[PDB]
$ cat work35.txt   # compact mmCIF, C-alpha atoms and all ligand atoms
# COMPACT_ATOMS: atom_id res chain seq x y z
CA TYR A 157 12.68 -66.08 57.22
CA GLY A 158 12.17 -69.58 58.58
CA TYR A 159 15.19 -70.18 60.79
CA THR A 160 15.57 -68.55 64.20
CA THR A 161 18.90 -67.41 65.61
CA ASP A 162 19.39 -70.85 67.20
CA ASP A 163 19.32 -72.40 63.71
CA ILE A 164 21.33 -69.98 61.54
CA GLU A 165 23.90 -67.22 61.94
CA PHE A 166 24.43 -64.35 59.51
CA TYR A 167 27.78 -62.58 59.31
CA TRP A 168 29.50 -60.44 56.71
CA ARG A 169 32.45 -62.21 55.08
CA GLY A 170 35.40 -59.91 55.71
CA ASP A 171 33.29 -57.51 57.76
CA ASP A 172 34.61 -54.52 55.82
CA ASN A 173 35.36 -55.84 52.31
CA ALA A 174 32.05 -57.71 52.21
CA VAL A 175 30.29 -54.98 50.22
CA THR A 176 32.32 -53.89 47.19
CA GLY A 177 31.66 -51.64 44.23
CA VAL A 178 30.19 -48.74 46.19
CA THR A 179 32.88 -46.22 45.26
CA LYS A 180 32.22 -46.89 41.55
CA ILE A 181 28.47 -46.19 41.74
CA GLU A 182 27.73 -43.01 39.79
CA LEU A 183 24.24 -41.67 40.45
CA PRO A 184 22.81 -38.90 38.26
CA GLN A 185 21.44 -36.86 41.17
CA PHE A 186 22.66 -38.18 44.54
CA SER A 187 26.21 -39.06 45.60
CA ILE A 188 27.11 -41.87 48.01
CA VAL A 189 28.69 -40.32 51.10
CA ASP A 190 29.05 -43.35 53.38
CA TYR A 191 27.96 -46.96 53.78
CA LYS A 192 27.77 -49.17 56.87
CA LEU A 193 27.31 -52.89 57.57
CA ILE A 194 25.39 -53.88 60.71
CA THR A 195 24.58 -57.21 62.38
CA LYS A 196 21.53 -57.52 64.66
CA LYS A 197 19.08 -60.10 66.02
CA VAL A 198 15.51 -58.86 65.61
CA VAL A 199 12.68 -60.30 67.70
CA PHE A 200 9.26 -61.22 66.31
CA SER A 201 6.39 -63.02 67.98
CA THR A 202 7.69 -66.28 66.47
CA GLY A 203 11.29 -66.05 67.66
CA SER A 204 14.51 -64.09 67.31
CA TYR A 205 15.95 -64.03 63.81
CA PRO A 206 19.38 -62.83 62.66
CA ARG A 207 19.65 -59.80 60.44
CA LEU A 208 22.26 -57.95 58.43
CA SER A 209 21.81 -54.35 57.35
CA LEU A 210 23.51 -52.56 54.47
CA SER A 211 23.03 -48.81 54.84
CA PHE A 212 23.91 -46.00 52.44
CA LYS A 213 23.93 -42.24 52.93
CA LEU A 214 22.98 -40.33 49.78
CA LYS A 215 23.61 -36.58 49.68
CA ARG A 216 21.60 -34.84 46.97
CA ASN A 217 23.42 -32.61 44.50
CA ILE A 218 22.07 -29.06 44.28
CA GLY A 219 23.32 -28.09 40.83
CA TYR A 220 20.22 -29.28 39.01
CA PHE A 221 17.84 -27.43 41.33
CA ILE A 222 19.89 -24.23 41.32
CA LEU A 223 19.64 -24.52 37.55
CA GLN A 224 15.95 -25.41 37.32
CA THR A 225 13.93 -23.94 40.21
CA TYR A 226 15.95 -21.37 42.18
CA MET A 227 17.26 -19.25 39.31
CA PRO A 228 13.88 -18.74 37.55
CA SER A 229 12.24 -17.54 40.76
CA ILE A 230 15.19 -15.30 41.62
CA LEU A 231 15.18 -13.70 38.17
CA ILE A 232 11.39 -13.30 38.27
CA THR A 233 11.80 -11.35 41.50
CA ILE A 234 14.52 -9.25 39.86
CA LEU A 235 12.10 -8.52 37.03
CA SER A 236 9.39 -7.57 39.51
CA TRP A 237 11.80 -5.04 41.00
CA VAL A 238 11.83 -3.19 37.66
CA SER A 239 8.39 -1.77 38.49
CA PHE A 240 10.11 0.81 40.73
CA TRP A 241 12.24 2.55 38.09
CA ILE A 242 9.17 3.21 35.95
CA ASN A 243 7.49 6.52 36.71
CA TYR A 244 4.51 6.17 39.03
CA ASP A 245 2.22 7.77 36.44
CA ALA A 246 2.35 4.62 34.27
CA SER A 247 -0.65 2.57 35.40
CA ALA A 248 -0.64 -0.26 32.84
CA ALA A 249 3.10 -1.01 32.74
CA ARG A 250 3.60 -1.46 36.49
CA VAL A 251 0.39 -3.49 36.85
CA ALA A 252 1.48 -5.74 33.99
CA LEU A 253 4.77 -6.31 35.78
CA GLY A 254 3.31 -7.19 39.16
CA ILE A 255 0.56 -9.40 37.79
CA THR A 256 2.69 -11.36 35.36
CA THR A 257 5.19 -11.87 38.17
CA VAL A 258 2.54 -13.11 40.61
CA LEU A 259 1.02 -15.55 38.12
CA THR A 260 4.42 -16.85 37.00
CA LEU B 240 11.60 -9.97 19.37
CA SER B 241 13.28 -8.43 22.39
CA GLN B 242 15.61 -6.48 20.09
CA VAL B 243 12.78 -4.99 18.01
CA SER B 244 11.68 -3.02 21.08
CA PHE B 245 14.62 -0.65 20.65
CA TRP B 246 13.19 0.60 17.33
CA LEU B 247 9.78 1.36 18.89
CA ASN B 248 8.88 4.97 19.68
CA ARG B 249 10.75 6.28 22.70
CA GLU B 250 7.54 7.81 24.08
CA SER B 251 5.48 4.56 23.97
CA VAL B 252 6.25 3.45 27.58
CA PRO B 253 3.36 0.88 27.84
CA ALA B 254 4.48 -1.01 24.63
CA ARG B 255 8.24 -1.39 25.41
CA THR B 256 7.42 -2.58 28.92
CA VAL B 257 5.04 -5.27 27.68
CA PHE B 258 7.76 -6.29 25.22
CA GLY B 259 10.30 -6.67 28.00
CA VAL B 260 8.09 -8.45 30.51
CA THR B 261 6.76 -10.87 27.92
CA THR B 262 10.05 -11.74 26.24
CA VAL B 263 11.26 -12.55 29.75
CA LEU B 264 8.22 -14.66 30.65
CA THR B 265 8.56 -16.50 27.35
CA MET B 266 12.26 -17.13 27.91
CA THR B 267 11.44 -18.49 31.38
CA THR B 268 8.68 -20.82 30.24
CA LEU B 269 10.91 -21.94 27.39
CA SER B 270 13.88 -22.47 29.71
CA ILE B 271 11.71 -24.76 31.81
CA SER B 272 10.06 -26.36 28.78
CA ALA B 273 13.33 -27.16 27.01
CA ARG B 274 14.80 -28.23 30.34
CA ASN B 275 11.89 -30.67 30.72
CA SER B 276 13.54 -32.90 28.08
CA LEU B 277 16.79 -34.02 29.70
CA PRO B 278 17.32 -36.18 32.81
CA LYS B 279 18.34 -34.59 36.12
CA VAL B 280 22.07 -34.18 35.53
CA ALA B 281 24.17 -32.02 37.84
CA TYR B 282 26.10 -30.12 35.14
CA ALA B 283 25.20 -27.54 32.51
CA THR B 284 24.74 -28.81 28.96
CA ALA B 285 25.29 -26.81 25.78
CA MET B 286 21.62 -26.03 25.24
CA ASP B 287 21.59 -24.65 28.78
CA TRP B 288 24.46 -22.30 27.95
CA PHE B 289 22.65 -21.13 24.83
CA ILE B 290 19.48 -20.54 26.86
CA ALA B 291 21.42 -18.67 29.55
CA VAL B 292 23.04 -16.39 26.99
CA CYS B 293 19.71 -15.68 25.31
CA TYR B 294 18.18 -14.94 28.72
CA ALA B 295 21.05 -12.52 29.34
CA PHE B 296 20.52 -10.73 26.03
CA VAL B 297 16.81 -10.38 26.82
CA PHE B 298 17.46 -8.94 30.27
CA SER B 299 19.99 -6.54 28.79
CA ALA B 300 17.51 -5.21 26.26
CA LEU B 301 15.08 -4.79 29.14
CA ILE B 302 17.64 -3.11 31.44
CA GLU B 303 18.40 -0.87 28.48
CA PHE B 304 14.85 0.29 27.92
CA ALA B 305 14.67 0.91 31.67
CA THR B 306 17.86 2.98 31.54
CA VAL B 307 16.54 4.99 28.59
CA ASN B 308 13.26 5.62 30.41
CA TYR B 309 15.15 6.73 33.53
CA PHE B 310 17.42 9.08 31.55
CA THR B 311 14.65 10.62 29.46
CA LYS B 312 13.22 13.98 30.58
CA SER B 313 16.65 14.83 32.01
CA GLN B 314 19.28 14.11 29.36
CA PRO B 315 17.40 13.11 26.19
CA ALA B 316 20.73 13.33 24.35
CA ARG B 317 22.26 10.55 26.46
CA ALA B 318 19.11 8.47 25.97
CA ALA B 319 19.18 8.97 22.21
CA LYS B 320 22.87 8.10 22.08
CA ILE B 321 22.55 4.87 24.05
CA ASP B 322 19.49 3.78 22.05
CA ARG B 323 21.18 4.51 18.72
CA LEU B 324 24.15 2.51 19.98
CA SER B 325 22.42 -0.54 21.46
CA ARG B 326 20.46 -0.88 18.20
CA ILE B 327 23.75 -1.94 16.59
CA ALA B 328 25.75 -3.34 19.50
CA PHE B 329 23.22 -6.05 20.39
CA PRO B 330 22.90 -7.67 16.92
CA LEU B 331 26.65 -7.89 16.35
CA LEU B 332 27.36 -9.44 19.73
CA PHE B 333 24.60 -11.98 19.25
CA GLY B 334 25.84 -12.83 15.77
CA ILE B 335 29.39 -13.40 16.95
CA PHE B 336 28.07 -15.40 19.91
CA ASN B 337 26.10 -17.67 17.59
CA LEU B 338 29.13 -18.06 15.34
CA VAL B 339 31.45 -18.96 18.22
CA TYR B 340 28.92 -21.31 19.83
CA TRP B 341 28.09 -23.32 16.73
CA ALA B 342 31.75 -23.42 15.72
CA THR B 343 32.88 -24.75 19.09
CA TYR B 344 30.08 -27.31 19.41
CA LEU B 345 29.94 -28.62 15.83
CA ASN B 346 33.68 -29.39 15.62
CA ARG B 347 33.79 -31.86 18.53
CA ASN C 11 22.05 -87.49 63.15
CA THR C 12 19.84 -86.73 60.15
CA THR C 13 18.59 -90.18 59.15
CA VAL C 14 16.40 -90.37 62.23
CA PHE C 15 14.82 -87.12 61.10
CA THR C 16 14.48 -88.20 57.49
CA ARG C 17 12.76 -91.34 58.78
CA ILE C 18 10.44 -89.22 60.93
CA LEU C 19 9.48 -87.06 57.96
CA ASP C 20 8.92 -90.06 55.71
CA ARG C 21 6.73 -91.63 58.39
CA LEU C 22 4.73 -88.40 58.57
CA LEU C 23 4.09 -88.21 54.83
CA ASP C 24 3.62 -91.97 54.43
CA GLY C 25 -0.13 -92.37 54.03
CA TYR C 26 -1.02 -88.66 54.05
CA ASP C 27 -3.75 -87.22 51.82
CA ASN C 28 -3.44 -83.46 51.37
CA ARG C 29 -6.88 -83.26 49.75
CA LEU C 30 -8.64 -83.92 53.07
CA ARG C 31 -8.83 -81.33 55.81
CA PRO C 32 -7.74 -82.49 59.28
CA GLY C 33 -10.66 -84.12 61.05
CA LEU C 34 -12.87 -84.52 58.01
CA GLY C 35 -15.52 -86.66 59.67
CA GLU C 36 -15.94 -85.76 63.34
CA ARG C 37 -14.49 -82.27 63.70
CA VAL C 38 -14.59 -78.71 62.39
CA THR C 39 -11.11 -77.39 61.66
CA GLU C 40 -10.17 -74.37 63.79
CA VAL C 41 -7.66 -72.07 62.07
CA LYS C 42 -6.15 -69.59 64.54
CA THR C 43 -4.96 -66.69 62.39
CA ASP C 44 -2.84 -63.63 63.14
CA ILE C 45 -1.32 -60.70 61.27
CA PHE C 46 1.83 -58.64 61.71
CA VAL C 47 1.79 -55.51 59.54
CA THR C 48 5.45 -54.86 58.75
CA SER C 49 4.62 -51.71 56.77
CA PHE C 50 1.35 -49.94 55.96
CA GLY C 51 1.83 -49.08 52.32
CA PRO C 52 0.76 -45.91 50.55
CA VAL C 53 -3.01 -45.44 50.33
CA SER C 54 -3.65 -44.81 46.64
CA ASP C 55 -6.50 -42.30 46.58
CA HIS C 56 -7.02 -42.48 42.81
CA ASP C 57 -7.67 -46.23 42.72
CA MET C 58 -9.38 -46.25 46.14
CA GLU C 59 -6.96 -49.04 47.09
CA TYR C 60 -4.22 -49.46 49.66
CA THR C 61 -1.14 -51.64 49.99
CA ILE C 62 -0.12 -53.45 53.16
CA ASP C 63 2.83 -55.78 53.74
CA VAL C 64 1.98 -58.48 56.28
CA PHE C 65 3.28 -61.56 58.07
CA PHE C 66 0.10 -63.63 57.77
CA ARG C 67 0.26 -66.39 60.41
CA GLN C 68 -2.08 -69.39 60.64
CA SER C 69 -2.12 -72.36 63.00
CA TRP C 70 -4.40 -75.41 62.98
CA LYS C 71 -4.32 -78.80 64.70
CA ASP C 72 -3.48 -81.76 62.45
CA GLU C 73 -3.62 -85.09 64.28
CA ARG C 74 -2.05 -86.94 61.33
CA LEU C 75 1.29 -85.20 61.93
CA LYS C 76 2.16 -86.42 65.41
CA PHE C 77 5.70 -87.65 65.94
CA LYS C 78 8.02 -88.64 68.77
CA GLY C 79 11.71 -87.88 68.38
CA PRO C 80 14.59 -86.03 70.00
CA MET C 81 13.29 -82.59 69.02
CA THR C 82 9.96 -81.11 70.05
CA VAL C 83 9.30 -78.65 67.20
CA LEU C 84 10.28 -79.48 63.61
CA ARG C 85 11.14 -76.14 62.01
CA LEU C 86 10.86 -77.50 58.50
CA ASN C 87 11.47 -75.93 55.10
CA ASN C 88 8.83 -74.07 53.15
CA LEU C 89 8.66 -76.90 50.60
CA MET C 90 7.12 -79.30 53.11
CA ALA C 91 4.09 -76.99 53.26
CA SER C 92 3.04 -78.17 49.80
CA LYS C 93 2.75 -81.84 50.79
CA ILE C 94 0.31 -81.25 53.67
CA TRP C 95 -3.11 -79.62 53.94
CA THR C 96 -3.04 -75.84 54.39
CA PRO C 97 -6.18 -73.68 54.58
CA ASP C 98 -6.99 -71.71 51.44
CA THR C 99 -7.46 -68.33 53.08
CA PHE C 100 -8.22 -65.70 50.44
CA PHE C 101 -8.74 -61.96 50.89
CA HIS C 102 -12.33 -61.01 50.11
CA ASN C 103 -11.39 -57.56 48.79
CA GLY C 104 -7.75 -57.96 47.75
CA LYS C 105 -7.13 -56.88 44.17
CA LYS C 106 -3.61 -58.05 43.24
CA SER C 107 -1.72 -59.66 46.11
CA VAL C 108 1.80 -61.02 45.64
CA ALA C 109 3.59 -63.68 47.67
CA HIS C 110 7.30 -62.97 47.78
CA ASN C 111 9.79 -65.44 46.28
CA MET C 112 13.09 -63.77 47.19
CA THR C 113 15.37 -65.55 47.50
CA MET C 114 13.35 -68.62 48.43
CA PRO C 115 9.59 -68.78 49.03
CA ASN C 116 8.93 -66.55 52.05
CA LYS C 117 7.08 -69.19 54.03
CA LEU C 118 7.54 -71.12 57.25
CA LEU C 119 6.31 -74.34 58.81
CA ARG C 120 6.79 -75.49 62.41
CA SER D 7 38.04 -91.25 33.25
CA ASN D 8 38.15 -88.03 35.25
CA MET D 9 34.69 -87.04 34.01
CA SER D 10 33.17 -90.36 35.07
CA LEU D 11 34.92 -90.10 38.43
CA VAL D 12 33.43 -86.66 39.04
CA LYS D 13 29.99 -87.82 37.92
CA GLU D 14 30.16 -90.76 40.33
CA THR D 15 31.22 -88.42 43.13
CA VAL D 16 28.33 -86.03 42.48
CA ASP D 17 25.79 -88.85 42.22
CA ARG D 18 27.06 -90.22 45.53
CA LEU D 19 26.74 -86.78 47.13
CA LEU D 20 23.17 -86.17 46.00
CA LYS D 21 22.07 -89.74 46.81
CA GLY D 22 20.33 -90.00 50.16
CA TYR D 23 20.24 -86.20 50.47
CA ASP D 24 17.32 -84.69 52.40
CA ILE D 25 16.62 -81.16 51.21
CA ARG D 26 14.02 -80.55 53.94
CA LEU D 27 16.74 -80.57 56.63
CA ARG D 28 19.35 -77.87 57.00
CA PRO D 29 22.95 -78.83 57.78
CA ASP D 30 23.19 -79.90 61.42
CA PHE D 31 19.44 -80.25 61.83
CA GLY D 32 19.72 -81.34 65.46
CA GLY D 33 22.80 -79.44 66.53
CA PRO D 34 24.33 -75.97 66.54
CA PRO D 35 23.26 -73.27 64.08
CA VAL D 36 24.90 -73.03 60.69
CA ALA D 37 26.97 -69.95 59.86
CA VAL D 38 26.09 -68.24 56.58
CA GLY D 39 28.63 -65.67 55.38
CA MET D 40 27.30 -62.94 53.11
CA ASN D 41 28.95 -60.94 50.32
CA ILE D 42 27.43 -58.26 48.12
CA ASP D 43 28.94 -56.85 44.93
CA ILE D 44 26.70 -53.89 44.12
CA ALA D 45 26.56 -53.49 40.35
CA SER D 46 24.42 -50.35 40.22
CA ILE D 47 21.81 -48.25 42.01
CA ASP D 48 19.42 -47.38 39.21
CA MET D 49 16.78 -44.91 40.40
CA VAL D 50 16.04 -43.21 43.73
CA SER D 51 12.40 -42.18 43.46
CA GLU D 52 10.89 -39.62 45.82
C1 LIG A 401 21.82 -44.81 58.38
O1 LIG A 401 20.71 -45.18 59.18
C2 LIG A 401 20.89 -46.40 59.92
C3 LIG A 401 19.59 -46.66 60.65
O2 LIG A 401 19.49 -45.86 61.82
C4 LIG A 401 22.08 -46.27 60.86
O3 LIG A 401 22.30 -47.51 61.51
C5 LIG A 401 22.77 -47.28 62.85
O4 LIG A 401 24.20 -47.23 62.89
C6 LIG A 401 24.75 -47.02 64.19
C7 LIG A 401 26.24 -46.90 64.02
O5 LIG A 401 26.73 -47.80 63.04
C8 LIG A 401 24.35 -48.17 65.11
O6 LIG A 401 24.86 -47.93 66.41
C9 LIG A 401 25.25 -49.19 67.00
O7 LIG A 401 24.40 -49.54 68.07
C10 LIG A 401 24.69 -50.84 68.62
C11 LIG A 401 23.64 -51.18 69.66
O8 LIG A 401 24.14 -52.22 70.48
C12 LIG A 401 26.12 -50.85 69.18
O9 LIG A 401 26.44 -52.16 69.59
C13 LIG A 401 27.11 -50.39 68.11
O10 LIG A 401 28.43 -50.32 68.64
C14 LIG A 401 26.68 -49.06 67.51
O11 LIG A 401 26.76 -48.09 68.55
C15 LIG A 401 22.83 -48.29 65.15
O12 LIG A 401 22.46 -49.43 65.91
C16 LIG A 401 22.27 -48.42 63.74
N1 LIG A 401 20.82 -48.46 63.77
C17 LIG A 401 20.10 -49.55 63.46
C18 LIG A 401 18.62 -49.40 63.55
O13 LIG A 401 20.63 -50.60 63.12
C19 LIG A 401 23.32 -45.86 60.08
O14 LIG A 401 24.40 -45.61 60.98
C20 LIG A 401 23.04 -44.60 59.27
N2 LIG A 401 24.21 -44.22 58.49
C21 LIG A 401 24.62 -44.88 57.41
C22 LIG A 401 25.84 -44.35 56.73
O15 LIG A 401 24.03 -45.87 57.00
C1 LIG A 402 9.59 -69.55 43.62
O1 LIG A 402 10.84 -70.05 44.04
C2 LIG A 402 10.88 -71.49 44.08
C3 LIG A 402 12.24 -71.87 44.63
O2 LIG A 402 13.22 -70.91 44.27
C4 LIG A 402 10.63 -72.06 42.69
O3 LIG A 402 10.55 -73.48 42.80
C5 LIG A 402 11.15 -74.10 41.65
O4 LIG A 402 10.21 -74.21 40.57
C6 LIG A 402 10.74 -74.83 39.39
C7 LIG A 402 9.65 -74.78 38.35
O5 LIG A 402 8.40 -74.45 38.93
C8 LIG A 402 11.21 -76.25 39.70
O6 LIG A 402 11.81 -76.82 38.55
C9 LIG A 402 11.06 -77.98 38.14
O7 LIG A 402 11.71 -79.18 38.56
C10 LIG A 402 10.98 -80.37 38.19
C11 LIG A 402 11.66 -81.56 38.84
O8 LIG A 402 11.16 -81.70 40.16
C12 LIG A 402 10.96 -80.45 36.67
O9 LIG A 402 10.25 -81.61 36.27
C13 LIG A 402 10.27 -79.21 36.10
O10 LIG A 402 10.26 -79.25 34.68
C14 LIG A 402 10.93 -77.93 36.61
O11 LIG A 402 12.21 -77.88 36.00
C15 LIG A 402 12.21 -76.22 40.85
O12 LIG A 402 12.54 -77.56 41.23
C16 LIG A 402 11.63 -75.49 42.05
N1 LIG A 402 12.61 -75.41 43.12
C17 LIG A 402 12.29 -75.52 44.41
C18 LIG A 402 13.43 -75.41 45.38
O13 LIG A 402 11.14 -75.71 44.79
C19 LIG A 402 9.33 -71.52 42.11
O14 LIG A 402 9.19 -71.92 40.76
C20 LIG A 402 9.32 -70.00 42.19
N2 LIG A 402 8.06 -69.46 41.70
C21 LIG A 402 7.99 -68.36 40.94
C22 LIG A 402 6.62 -67.95 40.52
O15 LIG A 402 8.99 -67.73 40.61
$ encode --input "work35.txt" --output "structure tokens"
Amino acid sequence: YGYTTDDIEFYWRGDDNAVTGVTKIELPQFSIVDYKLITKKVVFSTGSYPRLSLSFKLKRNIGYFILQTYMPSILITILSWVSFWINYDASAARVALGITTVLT
Amino acid sequence: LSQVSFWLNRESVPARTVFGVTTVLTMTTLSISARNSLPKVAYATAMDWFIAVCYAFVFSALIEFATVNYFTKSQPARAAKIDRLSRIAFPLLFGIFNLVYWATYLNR
Amino acid sequence: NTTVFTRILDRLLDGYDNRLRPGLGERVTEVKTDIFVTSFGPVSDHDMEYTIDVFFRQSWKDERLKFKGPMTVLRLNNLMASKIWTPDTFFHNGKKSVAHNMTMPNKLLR
Amino acid sequence: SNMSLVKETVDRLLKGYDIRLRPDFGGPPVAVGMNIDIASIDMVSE
């Protein structure tokens, strides 16, 4: 915060083994794909300050959503398709189908 | 409730269809309601297997009323045979499924 | 060296009263402010509030802190700012503002 | 004793120590090497 780049210098110690414990992180939804360590010198109206950046790349797992939100909609569409095997004389059955499906 | 539909009159189209469509809507809203309890894990729990098997049974009873209604007025003998069969097949397979499931998940 | 600079600082704070604004008798203090919005936070529509993360800069003229040494600007620590007079700027409509203390007090004094 | 020797050393170190001034206050910048040992990433809220 206070010290410009002519008063302090930030650098990762090891430059690749600086950040440890990333391959042991177990997230319930995401999954760490990659991490990077960067070294910059940002410029504000009060000077140029050093900066380090630790960056992750989280890829979201799709099992939970396939389980929760894709399958119910897919099966509701399959149910809606049933309205075609019923004879076209049935006026209540088919309507029931299409309307319950829409609302759901 | 989805298995009672088999024993309803074979001519009552409007009743058996409401049975099917509801039992499915109920299973869906209950598969989202029960799912609303657990965190967002990326695997399938045991309750989710039970719910999937029940959802299968329901959609088989539905598909079976649909088959009967598509075979009636053409071969009513085949329709009567499959109805008189499903009425027994379904209960026994759901009983043995419950037995296997509780036995395999209460022993661990 | 660092003893010349310790002596400069101790000469600055020797005989300083932080309860008196600079130029208490014959002057009106002129605080030149400035803001740098690092991130415009999410506008909460329910509470009719909004969050904003700023670099609030102020700059006045204190004649009791004149020195003469090798350096021109003393980029001091944020703990010197509590021994001098600093304007008590408050936000007329702020609800719950926080000043960050990670890892040290996020302040500056030149 | 060793304990008294260490205490004397520490008292000598912290005596005449100016916290307002960084190391090398009138010279080159100081080099601060960083390490991070990430224990956990708790929640990623959308
Ligand atoms: C995640 O997002 C960040 C933010 O964009 C990415 O950081 C970027 O990483 C690339 C490659 O590491 C940097 O490129 C570098 O540019 C400098 C410019 O001089 C050059 O010297 C280097 O050799 C390299 O080409 C880029 O600057 C950097 N962006 C910022 C804003 O720092 C990151 O790569 C993304 N991925 C991960 C896994 O974090
Ligand atoms: C924000 O961070 C700063 C620095 O990390 C904290 O300053 C520290 O505050 C504590 C207590 O307020 C100080 O300890 C005190 O020391 C005196 C001796 O001078 C002692 O008599 C007291 O009983 C107490 O132990 C500590 O010295 C001080 N450190 C610095 C570097 O200023 C501050 O408390 C933090 N504020 C919040 C709200 O977290």
$ residues_near_ligand --input "work35.txt" --ligand "ligand LIG 401 (chain A)" --cutoff "8 Å" --atoms "all atoms listed in the file" --output "PyMOL selection string"
chain A and resi 189-196+209-213
$ interface_residues --input "work35.txt" --of "chain C" --to "chain D" --cutoff "12 Å" --atoms "all atoms listed in the file" --output "PyMOL selection string"
chain C and resi 11-20+79-93+118-119
$ atom_distance --input "work35.txt" --atom1 "CA of residue 66 (chain C)" --atom2 "CA of residue 43 (chain C)"
7.5 Å
$ atom_distance --input "work35.txt" --atom1 "atom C5 of ligand LIG 402 (chain A)" --atom2 "CA of residue 158 (chain A)"
17.6 Å
$ interface_residues --input "work35.txt" --of "chain D" --to "chain A" --cutoff "9 Å" --atoms "only C-alpha atoms" --output "list in words"
residues 28, 30, 31, 33, 34, 35, 36, 37, 38, 39, 40, 41, 42, 43, 44, 45, 46, 47, 48, 49 and 50 of chain D
$ interface_residues --input "work35.txt" --of "chain B" --to "chain A" --cutoff "6 Å" --atoms "only C-alpha atoms" --output "list in words"
residues 253, 256, 280 and 281 of chain B
$ closest_residue --input "work35.txt" --among "C:98, C:55, C:63, C:44" --to "chain A" --atoms "all atoms listed in the file"
C:44
$ atom_distance --input "work35.txt" --atom1 "CA of residue 200 (chain A)" --atom2 "CA of residue 45 (chain C)"
11.7 Å
$ residues_near_ligand --input "work35.txt" --ligand "ligand LIG 402 (chain A)" --cutoff "7 Å" --atoms "all atoms listed in the file" --output "number ranges by chain"
C: 89, 111, 113-115
$ residues_around --input "work35.txt" --residues "residue 71 (chain C)" --least-positions-apart "2" --cutoff "12 Å" --atoms "all atoms listed in the file" --output "VMD selection string"
chain C and resid 31 to 33 37 to 42 68 to 69 73 to 76 95 to 97 120
$ axis_aligned_box --input "work35.txt" --around "region 92-110 of chain C" --padding-each-side "8 Å" --output "AutoDock Vina command-line options"
--center_x -2.5 --center_y -69.4 --center_z 48.9 --size_x 35.6 --size_y 41.0 --size_z 27.3
$ closest_residue --input "work35.txt" --among "A:205, A:157, A:244, A:237" --to "chain C" --atoms "all atoms listed in the file"
A:157
$ residues_around --input "work35.txt" --residues "residue 62 (chain C)" --least-positions-apart "6" --cutoff "12 Å" --atoms "all atoms listed in the file" --output "PyMOL selection string"
chain C and resi 45-54+104-108
$ residues_around --input "work35.txt" --residues "residue 284 (chain B)" --least-positions-apart "4" --cutoff "12 Å" --atoms "only C-alpha atoms" --output "tab-separated table (two decimals) with C-alpha atoms, in the frame of the given file"
chain	number	residue	atom	x	y	z
A	219	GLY	CA	23.32	-28.09	40.83
A	220	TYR	CA	20.22	-29.28	39.01
A	223	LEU	CA	19.64	-24.52	37.55
B	273	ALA	CA	13.33	-27.16	27.01
B	274	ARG	CA	14.80	-28.23	30.34
B	276	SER	CA	13.54	-32.90	28.08
B	277	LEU	CA	16.79	-34.02	29.70
B	278	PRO	CA	17.32	-36.18	32.81
B	279	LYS	CA	18.34	-34.59	36.12
B	280	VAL	CA	22.07	-34.18	35.53
B	288	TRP	CA	24.46	-22.30	27.95
B	289	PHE	CA	22.65	-21.13	24.83
B	290	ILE	CA	19.48	-20.54	26.86
B	291	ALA	CA	21.42	-18.67	29.55
B	344	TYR	CA	30.08	-27.31	19.41
$ residues_near_point --input "work35.txt" --point "(9.8, -8.3, 31.7)" --cutoff "8 Å" --atoms "only C-alpha atoms" --output "PyMOL selection string"
(chain A and resi 235-236+253) or (chain B and resi 256-264+298+301)
